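Q: Okay, here's the structure, questions in a sec.
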Amino acid sequence: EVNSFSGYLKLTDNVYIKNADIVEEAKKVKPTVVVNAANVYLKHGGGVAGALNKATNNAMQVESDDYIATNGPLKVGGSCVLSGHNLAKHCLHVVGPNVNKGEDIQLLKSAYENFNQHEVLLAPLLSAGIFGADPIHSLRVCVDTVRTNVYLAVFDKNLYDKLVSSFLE
Ligand SMILES: CC(C)[C@H](Nc1ncnc2[nH]c(-c3cnc(N)nc3)cc12)c1ccc2c(c1)S(=O)(=O)CCC2
């Protein structure tokens, strides 16, 4: 079965959300596209990106280093399409702004705009966690920006509950 997402709550006609680890979702669903919460040099050193790379047994990091060698770093708000390895057909590496490192929160709209080149995506909540954006604001930017079908996996039940309550106000 293709893109067999299960147990998501539909927020709008094109945005769904689940309390889940994106890595476990990707292994089960094998979506057409999994989004990585990348940085501009595609160094998957921790957090979501480190977890996705570990699930590929470091194949994602080797492929990422070869992309950077030929093409140079991404821009904040930009993306590139690379292999999905065992997690998906493709991985869309998207760079959201890291507010904790002084990057402009307005670039979060540009970051989500990359999703619109793909019909169906499994994605994390961009710029949340240690990137420092307000996660309720990130969900609002996602809902207002993404027009294709996005399945958000948020690996924290406390945050999931706050996000759903924030949406349903
Ligand atoms: C807001 C968080 C709950 C959310 N976390 C997550 N959301 C979804 N699937 C996840 N798997 C893991 C995980 C981590 N480590 C191991 N070993 N396995 C899986 C984390 C996780 C999240 C959302 C976006 C960002 C981050 C974190 S970050 O990594 O701090 C910086 C980049 C942007």
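So you can find residues: chains in the structure tokens are A, B, ... in the order shown, residues in each start at 1, and ligands are numbered from 1 in order.
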If you take only C-alpha atoms and all ligand atoms and a cut-off of 7 Å, which residues of chain A touch ligand 1, and what are their nearest atom pairs and distances in Å to one decimal, in chain and number order, as CSV?
A:
residue,atom,partner,partner_atom_place_in_ligand_line,distance
A:20,CA,ligand 1,9 (N),6.2
A:21,CA,ligand 1,9 (N),3.8
A:22,CA,ligand 1,9 (N),3.9
A:23,CA,ligand 1,11 (N),5.9
A:37,CA,ligand 1,32 (C),5.1
A:46,CA,ligand 1,29 (O),6.6
A:47,CA,ligand 1,29 (O),3.4
A:48,CA,ligand 1,29 (O),4.1
A:49,CA,ligand 1,29 (O),6.5
A:51,CA,ligand 1,16 (C),4.7
A:124,CA,ligand 1,8 (C),5.2
A:125,CA,ligand 1,23 (C),4.7
A:126,CA,ligand 1,24 (C),5.1
A:127,CA,ligand 1,33 (C),4.6
A:128,CA,ligand 1,24 (C),4.3
A:129,CA,ligand 1,30 (O),3.6
A:130,CA,ligand 1,30 (O),4.1
A:131,CA,ligand 1,31 (C),4.9
A:153,CA,ligand 1,8 (C),5.1
A:154,CA,ligand 1,7 (N),4.2
A:155,CA,ligand 1,7 (N),4.2
A:156,CA,ligand 1,3 (C),4.8
A:159,CA,ligand 1,3 (C),6.8
Q: May I have the residues within 9 Å of residue 28 of chain A as a list in words, using only C-alpha atoms and disregarding those fewer than 3 positions away in the same chain?
A: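 Result of the neighbour search: residues 4, 5, 23, 24, 25, 31 and 87 of chain A.
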Q: Which residues come within 8 Å of segment 70-74 of chain A, counting only C-alpha atoms, excluding same-chain residues fewer than 2 positions away, as a PyMOL selection string?
A: chain A and resi 39-42+66-68+76+78-80+95
Q: Among chain A, which residues carry a DSSP assignment of alpha helix (DSSP H), reported as a PyMOL selection string?
A: chain A and resi 22-29+47-55+59-71+107-113+135-145+157-167
Q: How many Å lie between atom CA of residue 146 of chain A and atom CA of residue 83 of chain A, rounded to one decimal?
A: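 These two atoms are separated by 22.1 Å.
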Q: Taking the backbone alone, and naming residues the way the document does, which bits of chain A are strand (DSSP E or B) by DSSP, as a VMD selection string?
A: chain A and resid 9 to 10 15 to 19 33 to 37 79 to 83 90 to 94 120 to 123 149 to 154
Q: Using only C-alpha atoms, which of the listed residues (A:99, A:133, A:120, A:111) sits closest to residue 14 of chain A?
A: A:120
Q: For residue 97 of chain A, work out the shell of residues within 7 Å, counting only C-alpha atoms and skipping chain neighbours fewer than 6 positions away, then give it as a PyMOL selection string.
A: chain A and resi 76-77+103-105+107-108+127
Q: Could you work out how far atom CA of residue 45 of chain A lies from atom CA of residue 69 of chain A, giving the answer in Å with one decimal?
A: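 Straight-line distance from atom CA of residue 69 of chain A to atom CA of residue 45 of chain A works out to 17.9 Å.
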Q: Restricting the calculation to only C-alpha atoms: of A:143, A:82, A:136, A:164, which residue gets closest to residue 36 of chain A?
A: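 Distance minimum relative to residue 36 of chain A lands on A:82.
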Q: Taking only C-alpha atoms into account, name the residue in A:35, A:60, A:81, A:91 that is nearest to residue 112 of chain A.
A: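 Once distances to residue 112 of chain A are computed over only C-alpha atoms, the minimum belongs to A:35.
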Q: Need the shell around residue 144 of chain A: protein/DNA/RNA residues with any atom at most 12 Å away, counting only C-alpha atoms. Skip same-chain ones fewer than 4 positions apart. Format as a PDB file with N, CA, C and O atoms, in the first residue's frame?
A:
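Listing of around-v3.pdb after writing:
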ATOM      1  N   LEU A  11      -6.564  18.223  10.375  1.00  0.00           N
ATOM      2  CA  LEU A  11      -6.738  19.605  10.860  1.00  0.00           C
ATOM      3  C   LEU A  11      -7.418  20.423   9.781  1.00  0.00           C
ATOM      4  O   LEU A  11      -8.429  21.038  10.023  1.00  0.00           O
ATOM      5  N   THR A  12      -6.891  20.402   8.546  1.00  0.00           N
ATOM      6  CA  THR A  12      -7.513  21.112   7.418  1.00  0.00           C
ATOM      7  C   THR A  12      -7.575  20.106   6.282  1.00  0.00           C
ATOM      8  O   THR A  12      -7.046  19.000   6.389  1.00  0.00           O
ATOM      9  N   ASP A  13      -8.100  20.548   5.096  1.00  0.00           N
ATOM     10  CA  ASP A  13      -8.199  19.586   3.996  1.00  0.00           C
ATOM     11  C   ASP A  13      -6.885  19.062   3.546  1.00  0.00           C
ATOM     12  O   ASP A  13      -6.873  17.971   2.946  1.00  0.00           O
ATOM     13  N   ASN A  14      -5.735  19.768   3.867  1.00  0.00           N
ATOM     14  CA  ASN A  14      -4.470  19.221   3.405  1.00  0.00           C
ATOM     15  C   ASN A  14      -3.407  19.044   4.525  1.00  0.00           C
ATOM     16  O   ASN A  14      -2.269  18.679   4.181  1.00  0.00           O
ATOM     17  N   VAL A  15      -3.752  19.267   5.819  1.00  0.00           N
ATOM     18  CA  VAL A  15      -2.759  19.118   6.907  1.00  0.00           C
ATOM     19  C   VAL A  15      -3.305  18.131   7.959  1.00  0.00           C
ATOM     20  O   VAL A  15      -4.433  18.308   8.461  1.00  0.00           O
ATOM     21  N   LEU A 108      10.606  31.028   7.762  1.00  0.00           N
ATOM     22  CA  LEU A 108       9.835  29.813   7.968  1.00  0.00           C
ATOM     23  C   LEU A 108       8.768  29.665   6.884  1.00  0.00           C
ATOM     24  O   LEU A 108       8.513  28.537   6.447  1.00  0.00           O
ATOM     25  N   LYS A 109       8.220  30.780   6.353  1.00  0.00           N
ATOM     26  CA  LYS A 109       7.259  30.687   5.233  1.00  0.00           C
ATOM     27  C   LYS A 109       7.950  30.113   3.957  1.00  0.00           C
ATOM     28  O   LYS A 109       7.478  29.131   3.370  1.00  0.00           O
ATOM     29  N   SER A 110       9.155  30.623   3.637  1.00  0.00           N
ATOM     30  CA  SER A 110       9.941  30.108   2.486  1.00  0.00           C
ATOM     31  C   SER A 110      10.237  28.628   2.695  1.00  0.00           C
ATOM     32  O   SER A 110      10.134  27.797   1.780  1.00  0.00           O
ATOM     33  N   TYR A 112       8.507  26.266   4.456  1.00  0.00           N
ATOM     34  CA  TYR A 112       7.311  25.470   4.140  1.00  0.00           C
ATOM     35  C   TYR A 112       6.901  25.508   2.658  1.00  0.00           C
ATOM     36  O   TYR A 112       6.346  24.541   2.152  1.00  0.00           O
ATOM     37  N   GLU A 113       7.221  26.621   1.945  1.00  0.00           N
ATOM     38  CA  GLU A 113       6.865  26.719   0.527  1.00  0.00           C
ATOM     39  C   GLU A 113       7.520  25.585  -0.293  1.00  0.00           C
ATOM     40  O   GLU A 113       6.949  25.153  -1.313  1.00  0.00           O
ATOM     41  N   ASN A 116       5.422  22.492  -1.347  1.00  0.00           N
ATOM     42  CA  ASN A 116       4.411  22.540  -2.394  1.00  0.00           C
ATOM     43  C   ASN A 116       4.851  21.930  -3.709  1.00  0.00           C
ATOM     44  O   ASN A 116       4.022  21.845  -4.611  1.00  0.00           O
ATOM     45  N   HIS A 137       3.327  28.793  16.417  1.00  0.00           N
ATOM     46  CA  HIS A 137       3.515  29.653  15.241  1.00  0.00           C
ATOM     47  C   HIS A 137       3.921  28.774  14.024  1.00  0.00           C
ATOM     48  O   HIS A 137       3.383  28.954  12.921  1.00  0.00           O
ATOM     49  N   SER A 138       4.828  27.796  14.222  1.00  0.00           N
ATOM     50  CA  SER A 138       5.234  26.937  13.077  1.00  0.00           C
ATOM     51  C   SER A 138       4.035  26.206  12.469  1.00  0.00           C
ATOM     52  O   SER A 138       3.903  26.115  11.236  1.00  0.00           O
ATOM     53  N   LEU A 139       3.115  25.704  13.346  1.00  0.00           N
ATOM     54  CA  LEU A 139       1.935  25.013  12.804  1.00  0.00           C
ATOM     55  C   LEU A 139       1.057  25.972  12.013  1.00  0.00           C
ATOM     56  O   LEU A 139       0.525  25.608  10.948  1.00  0.00           O
ATOM     57  N   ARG A 140       0.904  27.212  12.499  1.00  0.00           N
ATOM     58  CA  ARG A 140       0.099  28.221  11.790  1.00  0.00           C
ATOM     59  C   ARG A 140       0.712  28.529  10.423  1.00  0.00           C
ATOM     60  O   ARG A 140      -0.029  28.586   9.413  1.00  0.00           O
ATOM     61  N   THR A 148      -0.241  21.286  -0.713  1.00  0.00           N
ATOM     62  CA  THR A 148      -0.219  19.850  -0.994  1.00  0.00           C
ATOM     63  C   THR A 148      -0.506  19.112   0.357  1.00  0.00           C
ATOM     64  O   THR A 148      -0.647  19.754   1.414  1.00  0.00           O
ATOM     65  N   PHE A 167      -4.991  24.868  17.492  1.00  0.00           N
ATOM     66  CA  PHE A 167      -5.645  24.842  16.180  1.00  0.00           C
ATOM     67  C   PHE A 167      -7.154  24.954  16.299  1.00  0.00           C
ATOM     68  O   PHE A 167      -7.768  25.645  15.510  1.00  0.00           O
TER      69      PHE A 167
END
Q: Check the smallest atom-to-atom distance from each of A:152, A:145, A:43, A:50 to residue 122 of chain A using only C-alpha atoms, then report the winner.
A: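 Answer, going by the shortest atom-to-atom distance: A:152.
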Q: Atom CA of residue 53 of chain A and atom CA of residue 18 of chain A, how far apart in Å?
A: 21.4 Å
